[PDB]
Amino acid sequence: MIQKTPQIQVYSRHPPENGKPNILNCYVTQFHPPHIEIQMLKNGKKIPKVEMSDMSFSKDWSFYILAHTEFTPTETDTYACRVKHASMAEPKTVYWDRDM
């Protein structure tokens, strides 16, 4: 069937500072069909409290979602976003890079 692979960006709402509270975003765009599963991970472990925006689509018809969670980054912690979609044979994980 007709499928469009999601594009993923993982980034903080504010410039990160270890020990300061922030919000980690996972912005998933350009996908079709609308059904998708997004998880957010801290040190490779599922974050329980993850907010999801409501189903929306862009002018090009493709769907998009903003997943987010509160977070307080530290020197040693890693964060990621994992996306499961019909267009993909396996889930895709994108790590947060504080420089991007």
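So that the term is clear: the rigid core is the largest set of C-alpha atoms that superpose within 1.5 Å between two forms. One rule holds for the numbers: they count along the sequence shown, beginning at 1.
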Do you reckon 36-44 or 53-61 strays further from the shown form in 4 other deposited structures of this protein, measuring C-alpha RMS after a core fit?
-> 53-61
As the entry reports it, the stretch among 22-30 and 70-78 with higher mean C-alpha B factor is 70-78
Looking at the entry, does 31-39 or 47-55 show the higher mean C-alpha B-factor?
-> 47-55
Which third, lowest, middle or highest, does the CA B-factor of residue 8 fall in along this chain?
-> lowest
